[PDB]
Q: 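Pasting in a structure now, in C-alpha cells, and then I'll have a few things to ask.
Values below: all heavy atoms of this structure, side chains included; hydrogens, waters and symmetry mates excluded. Order of the sequence lines sets the chain letters (A, B, ...), proteins ahead of strands, with each chain counted from 1. Whatever order the structure lists them in is the order used to number ligands and atoms, beginning at 1.
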2 protein chains.
Amino acid sequence: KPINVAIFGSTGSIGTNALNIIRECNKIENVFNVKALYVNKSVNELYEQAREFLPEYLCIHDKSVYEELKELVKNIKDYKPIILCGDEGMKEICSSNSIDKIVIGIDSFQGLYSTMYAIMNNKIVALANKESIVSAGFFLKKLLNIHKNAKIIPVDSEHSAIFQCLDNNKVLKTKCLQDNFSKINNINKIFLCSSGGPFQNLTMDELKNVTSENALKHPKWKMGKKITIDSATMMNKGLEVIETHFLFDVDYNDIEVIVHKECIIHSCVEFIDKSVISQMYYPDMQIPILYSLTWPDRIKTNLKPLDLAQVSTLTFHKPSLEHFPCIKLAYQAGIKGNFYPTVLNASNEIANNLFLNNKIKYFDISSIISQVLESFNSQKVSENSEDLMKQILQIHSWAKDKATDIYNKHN
Amino acid sequence: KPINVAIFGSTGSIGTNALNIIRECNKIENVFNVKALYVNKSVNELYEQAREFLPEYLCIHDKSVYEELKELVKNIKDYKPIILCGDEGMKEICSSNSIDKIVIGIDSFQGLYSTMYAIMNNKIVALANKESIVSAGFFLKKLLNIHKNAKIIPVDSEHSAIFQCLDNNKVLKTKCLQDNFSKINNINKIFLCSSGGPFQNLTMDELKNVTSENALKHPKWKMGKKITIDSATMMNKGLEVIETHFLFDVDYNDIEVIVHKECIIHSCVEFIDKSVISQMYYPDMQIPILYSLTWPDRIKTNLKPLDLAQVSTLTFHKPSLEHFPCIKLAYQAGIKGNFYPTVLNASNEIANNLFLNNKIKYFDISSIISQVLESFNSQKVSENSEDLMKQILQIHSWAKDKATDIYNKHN
Ligand SMILES: NC(=O)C1=CN([C@@H]2O[C@H](COP(=O)(O)OP(=O)(O)OC[C@H]3O[C@@H](n4cnc5c(N)ncnc54)[C@H](OP(=O)(O)O)[C@@H]3O)[C@@H](O)[C@H]2O)C=CC1
Ligand SMILES: NC(=O)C1=CN([C@@H]2O[C@H](COP(=O)(O)OP(=O)(O)OC[C@H]3O[C@@H](n4cnc5c(N)ncnc54)[C@H](OP(=O)(O)O)[C@@H]3O)[C@@H](O)[C@H]2O)C=CC1
Ligand SMILES: O=C(CC[C@@H](c1ccccc1)P(=O)(O)O)N(O)CCCc1ccccc1
Ligand SMILES: O=C(CC[C@@H](c1ccccc1)P(=O)(O)O)N(O)CCCc1ccccc1
Ligand SMILES: [Ca+2]
Ligand SMILES: [Ca+2]
Ligand SMILES: [Ca+2]
Ligand SMILES: [Mn+2]
Ligand SMILES: [Mn+2]
C-alpha cells in the first residue's frame with residue numbers, strides 16, 4: 001500500500017525537508033514512492049534528486065533548461081522517466097492516476113496555480129504555501145466543494161499542530177476549508193503560537209531604525225528571506241491568522257496569537273468544554289510534512305525523542321500590537337473579508353521586498369499596507385469560479401501596483 | 001437522548017464534582033439523567049442530594065443508617081425512589097437497564113467491587129478509583145474481554161489527559177485495558193505529569209523530618225487525606241504509572257514521570273513518529289469527569305478559558321528517586337507483575353495511614369512497602385474469575401497484615 005507522492009518545489013526548503021523525511025522513513029520500511037518532482041529552474045539539483053528517487057515524472061518550469069535536463073538524465077542507467085516542462089507538464093502530473101498526494105512547496109503567488117490544479121484532479125494537497133489560502137481562501141472553498149474528493153492537508157507548522165490535535169472521527173465528517181469545520185470538531189478557540197522573530201524585545205525607537213540585515217540574523221529557523229522578513233514584522237503570524245480562519249472556520253475573535261520563544265508547543269486547540277490540546281516537538285518541518293502524507297495514520301520515525309526535562313522551561317506572552325502593527329492589519333483585513341486578505345497579501349509582498357532591499361523602514365511596511373487596504377473597495381464576489389479567479393488576479397495585481405505607487409509618491 | 005448516569009461515592013470529592021458539572025450541563029437541556037446515588041454512610045448529605053436530583057435509586061452501604069435514610073427521604077413530597085442498601089443494593093443498581101454510565105468515586109480497594117459489577121453488567125465505567133486498576137488490572141482486563149460492551153473510561157486527571165490526546169478514530173477501534181491498545185493508537189511513550197507534592201524541593205535531611213501535618217498543609221488541590229499523603233510521597237504517581245500501563249497497554253520503560261509544578265499540562269503522549277500531543281487546563285476534575293461521560297463527544301461548559309499568557313511559564317524536571325523511593329517501588333512491582341501491584345497497593349494503604357497518624361517517619365513508608373514486596377512470593381494466577389477475585393482479596397489482606405506486622409515489630 002505505498003504512498004504515491006509528488007513533490008512540487010522539490011529543491012526548496014519545504015521540498016528538501018519533504019524528501020529528507022521520506023528518505024529517512026523509507027530506510028525503516030518502504031512506504032513512499034516519489035512519483036514526480038517539479039521545480040522552476042534548479043536543473044542540476046533536480047538531476048541529483050532524480051538520480052536518488054528515480055521518479056516516474058520529472059518537470060521543470062523554465063523551458064530554457066528543459067533540453068539540459070533531458071541530457072543530464074541520460075546519464076542515469078536503466079531510467080526512462082517522463083520528462084515534462086511548464087504549466088503543461090504540471091497539469092499532466094496532476095492528472096496522473098498514479099499520484100495520490102502532492103506536496104506544495106512552491107512559494108509566493110505562483111503556488112496558488114498548482115494548488116488549484118491539484119485540487120481539480122481530486123488529490124490530497126499537502127499545502128505549505130499559506131499565501132495561496134490568504135489570497136484565494138473563498139475561491140479554494142468553492143473549488144473544494146466542486147472537487148469533493150480533493151483535500152487540503154495543512155503543512156504550515158502551527159496549522160499542522162492544530163490539525164494533529166483533532167479527533168479524526170470528526171475530521172472525516174468534514175475537511176479543511178469547509179464551513180462548519182470548527183463546529184463539527186467542537187473547536188472553541190485557537191492559540192496560534194509564534195517564535196516572535198528577532199525583534200521581539202526591541203523598543204519602538206529601536207524598531208524605527210532596524211534593517212533587513214538585522215531581520216535576517218540566524219532566527220530559530222533558517223528559511224528564505226521573504227518568510228524571514230515576515231517573521232520579523234510578525235506579518236507571518238498575521239497571514240497565519242487568516243490561514244487559521246480559512247482552514248478551520250474559526251472566527252477571528254477566537255484566534256489568539258501567543259509568543260512562545262522556545263518553539264516547542266506549536267499551537268493549541270481549545271474545545272467547547274474548555275479542554276485544551278496542543279502539539280509539541282522540537283522545531284522541525286519534517287513532522288508537519290510527514291503527518292500531511294500519512295494522515296489519518298502515523299508511521300515510525302527515527303527522530304530524536306523530545307526531552308521535556310532537558311527543555312525545562314516553556315514561556316508564553318502576548319505580542320505587542322504597537323510594536324507589531326502588521327498583526328492588527330491582518331486581523332482587520334480578515335474581519336472585513338471580501339478580497340481584503342488578497343489585498344493584504346499583495347501589498348505585503350511589495351512592502352516586504354522594499355524593506356528587504358533597504359528602500360523603506362520597518363514602520364513603513366505597515367504604513368504602506370494600511371494605505372493600500374484603505375484604498376480598496378469591496379467587490380461583488382463572482383459566483384463563476386473562472387471569473388472569481390480573474391478577480392483575485394486583478395485585485396492582487398492592483399494591490400501590488402498601489403503599494404508601489406504609495407512608496408514612489410512618498411519617496 | 002439523555003445520558004443515564006449513576007454516581008457511586010456521590011458525597012465525596014469526585015462525586016460532588018460530578019454532580020456539580022452535571023448540574024451545570026442540565027441547566028437548559030436534559031443532557032444527563034441522574035438515575036442513582038450511592039454512598040457509605042453520609043445519610044444526611046445523600047438526603048440533600050436526593051432532594052435536588054431526585055434519582056430513581058438511592059443506596060447506602062452501611063445498613064445501620066438505612067433506616068435514617070428512609071425516614072429523611074419521606075420528607076420529600078411526590079418522590080418515590082427505590083431505596084437500597086449494601087452490596088445487594090449496589091448490584092441491583094448495576095443491573096438496571098435504566099443506567100448506561102457509572103462514575104466510580106469510591107475510594108481505596110473497596111471501589112473494585114462496584115467496578116467489577118458494573119463491568120459484568122456491560123456498563124460504561126467512568127473510573128476515578130485508581131487503586132482498583134493497580135490491585136486488579138489483569139483481572140479487569142479479563143473481565144473486559146468477557147463483557148464486550150463494558151468500557152472503562154479514565155477519570156484520573158493524567159489518564160483522562162492521555163485519553164484526550166489520542167485520536168478517537170483509533171480509540172473507537174479498541175478500548176482501555178485491551179491488549180494492543182498502544183499499537184492501535186500508535187503510542188510510543190507517555191509523559192506522566194505530576195505536581196511533585198509539597199516536599200518536592202526538600203533536601204534529604206529535611207525530608208527525613210517531614211510529618212503528615214506538613215503534607216496536609218494546603219496543596220495545589222484540596223483533596224482528602226489518603227491521596228494527599230500519596231501525592232507527598234509520590235506513591236500516587238507510582239500507582240498512576242501502573243494505572244497507565246494497564247489502561248493503555250504501555251510498557252513500563254515507556255512511561256516517564258515528569259514533575260510539572262504549575263499543573264497546567266496534565267500529561268502528554270509521544271506517538272511513533274515522535275510527535276507529542278498534550279492536554280492542558282487549570283487543575284479541575286470537572287473536565288475529566290465530564291469527558292468520561294460525553295466521550296467520544298464534547299459538550300459546552302462555562303469554565304473559565306485558559307489564559308496561557310497569564311500562566312506565562314511552564315516547567316518540567318525529573319523526580320529524584322532517592323527522595324521519592326515510592327516511585328521506584330511502584331515500577332519494580334509493576335515490572336514484576338503477578339500480584340506484586342496488589343501487594344504494593346495494600347502495603348501502601350497501611351503505611352500511608354501510619355504516617356498520617358504520626359506513627360512512622362517518611363522513609364519508613366517506603367521501607368515498609370519494600371519489605372512487604374520482598375516478602376511476597378509469586379502465585380499462580382487463578383484461571384477463573386471467581387477464584388481470581390478471591391485470590392486478590394486474600395493477597396490484599398495478607399499484605400495489609402504483613403505491613404502492620406513489620407510496623408509492630410520495629411517498635
Ligand atoms: N520554509 C519553511 O520552513 C516554511 C515555509 N512555508 C511556506 O512554504 C512555501 C514554500 O516555501 P520554501 O520551501 O520556503 O520556498 P523555497 O523558495 O525554498 O522553494 C520554492 C520551491 O518552488 C520551486 N518553484 C518556484 N516556482 C516554481 C514554478 N513556477 N513551478 C514549479 N516549481 C516552482 C523552486 O524551484 P527552484 O529551486 O528551481 O527555484 C523551489 O523548489 C512558502 O509559501 C512559505 O510561506 C510555511 C511554513 C514554513
Ligand atoms: N479527589 C480527587 O481529585 C481525585 C481522586 N481520585 C480517586 O478517586 C477515588 C475517590 O476519591 P475521592 O472522591 O477523593 O474520595 P472521598 O473520600 O472524598 O469520597 C469517597 C466516596 O466514596 C464513598 N464510599 C466509601 N466507601 C463506600 C462504599 N463501601 N460504598 C459506597 N460508597 C462508598 C464515600 O461515602 P461517604 O460520604 O458515605 O463516606 C464518598 O461518597 C479515589 O480512589 C482516588 O484515588 C483520583 C484522582 C483525583
Ligand atoms: O511559519 C513558520 C516560520 C515562521 C514562524 C516560526 C515559528 C517557529 C519557529 C521559528 C519561526 P513565526 O516567527 O512567524 O512564529 N513556521 O511554521 C516554522 C517552521 C519551522 C517549524 C517550527 C516549529 C515546528 C515545526 C516546524
Ligand atoms: O491524582 C491527582 C492528585 C495528585 C496529583 C496532583 C496533580 C495535579 C495537581 C495536584 C495534585 P500528584 O501530586 O500525584 O501529581 N490528580 O489527578 C489531580 C486531581 C486535580 C486535577 C489536576 C489537574 C487536572 C485536573 C484535576
Ligand atoms: Ca441507625
Ligand atoms: Ca483526542
Ligand atoms: Ca517501546
Ligand atoms: Mn508557520
Ligand atoms: Mn491523578
Q: For B/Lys130, which part has a heavy atom under 4.0 Å from ligand 4: side chain, backbone, both, or neither?
A: side chain

Q: Is B/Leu166 close enough to the Ca ion (ligand 6) that one of its N, O or S atoms comes in under 3.0 Å?
A: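 Yes.
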
Q: One residue to check: B/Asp230. Relative to ligand 4, which of side chain, backbone, both or neither has a non-hydrogen atom less than 4.0 Å away?
A: neither

Q: A/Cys176 and A/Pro154: which non-hydrogen atoms are nearest, and at how many Å?
A: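 Looking at all heavy atoms of both residues, the closest pair is SG-CD, 3.9 Å.
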
Q: Strictly distance-based, threshold 3.5 Å: is any side-chain N or O of A/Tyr331 a donor or acceptor partner for the main-chain N or O of A/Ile255?
A: yes

Q: Relative to the heavy atoms of B/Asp156, which atoms of ligand 4 are at a distance of less than 4.0 Å?
A: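 That gives atoms 1 (O), 17 (O) of ligand 4.
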
Q: I'd like to know if B/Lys170 pairs up with A/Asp297 as an ion pair, taking the criterion as any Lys NZ or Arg NE/NH1/NH2 lying under 4.0 Å from an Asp or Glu carboxylate oxygen.
A: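 A salt bridge links B/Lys170 with A/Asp297.
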
Q: Would you say the side chains of B/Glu243 and B/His159 form a donor-acceptor pair under 3.5 Å?
A: yes

Q: Taking 4.0 angstrom as the limit and counting only heavy atoms of B/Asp284, give me the atoms of ligand 4 inside it, by number and element.
A: 21 (C), 24 (C), 25 (C), 26 (C)

Q: Looking only at protein heavy atoms, which one is nearest to atom 18 (C) of ligand 4, and how far off is it?
A: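 Ranked first by proximity to atom 18 (C) of ligand 4 is B/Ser157 OG, 3.5 Å.
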
Q: Between B/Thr301 and B/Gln286, is there a side-chain donor-acceptor contact under 3.5 Å, judged purely by atom types and distance?
A: no

Q: Grab the two heavy atoms, one from B/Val155 and one from B/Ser292, that are nearest each other, plus how far apart they are.
A: CG2-OG, 3.5 Å

Q: With ring centroids as reference points, do B/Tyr252 and B/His245 lie under 6.0 angstrom apart?
A: yes

Q: Using heavy atoms and a threshold below 4.0 Å, how should the contact between B/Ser195 and ligand 4 be classified: side chain, backbone, both, or neither?
A: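 Contact part for B/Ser195 vs ligand 4: both backbone and side chain.
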
Q: For the 3.5 Å polar cut-off, considering only N or O atoms, please tell me whether B/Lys237 and ligand 4 meet it.
A: yes

Q: Given OD1 of A/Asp156 on one side and OE2 of A/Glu240 on the other, what angle do they make at the Mn ion (ligand 8), to 10°?
A: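 Nearest ten degrees: 100°.
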
Q: Answer with yes or no whether the side chains of B/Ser135 and B/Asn345 bring together a donor and an acceptor at under 3.5 Å.
A: yes

Q: Backbone, side chain, both or neither: what part of B/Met285 comes under 4.0 angstrom of ligand 4, heavy atoms only?
A: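 It is both parts that get close, each with some atom under 4.0 Å.
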
Q: Quick one: do B/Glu158 and B/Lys237 make a salt bridge, cutoff under 4.0 Å?
A: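 So B/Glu158 pairs with B/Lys237 through a salt bridge.
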
Q: Step by step, would you call B/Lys220 with B/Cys263 a side chain to side chain contact (heavy atoms under 4.5 Å, CB included)?
A: CA-CA 8 Å; B/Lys220 178 78 76 168; B/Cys263 303; 3.8 Å; yes

Q: Taking 3.0 Å as the cut-off, does an N/O/S atom of A/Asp167 lie below it from the Ca ion (ligand 6)?
A: yes

Q: Measure from atom 14 (O) of ligand 4 to every heavy atom in B/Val257, B/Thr233, B/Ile264, B/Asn236 and give the option owning the shortest one.
A: B/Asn236

Q: Please report which non-hydrogen protein atom sits nearest to atom 3 (C) of ligand 4, along with the residue it belongs to and the distance in Å to one decimal place.
A: B/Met223 SD, 3.6 Å

Q: For atom 9 (C) of ligand 4, what is the closest protein heavy atom, and at what distance to 0.1 Å?
A: B/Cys263 SG, 3.5 Å

Q: Check the side chains of B/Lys226 and B/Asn353 for a donor-acceptor pair under 3.5 angstrom, ignoring hydrogens and angles.
A: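 No, no side-chain donor-acceptor contact under 3.5 Å.
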
Q: Under 3.0 Å from the Ca ion (ligand 6) - does any N, O or S atom of B/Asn168 fall there?
A: no

Q: Just by distance, no angles: are the side chains of A/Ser275 and B/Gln164 close enough, under 3.5 Å, to form a donor-acceptor pair?
A: yes

Q: Would you mind telling me if ligand 4 is within reach of the side chain of B/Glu240, the backbone, both or neither, using heavy atoms under 4.0 Å?
A: side chain

Q: Among all protein heavy atoms, pick out the one at the shortest distance from atom 22 (C) of ligand 4; state its residue, atom name and that distance to 0.1 Å.
A: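 Checked against all protein heavy atoms, atom 22 (C) of ligand 4 sits closest to B/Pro283 CB, 3.6 Å.
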
Q: Closest N/O/S atom of A/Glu158 to the Mn ion (ligand 8), by atom name?
A: OE1

Q: Using a 3.5 Å cut-off on N or O atoms only, is B/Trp221 in polar contact with ligand 4?
A: no

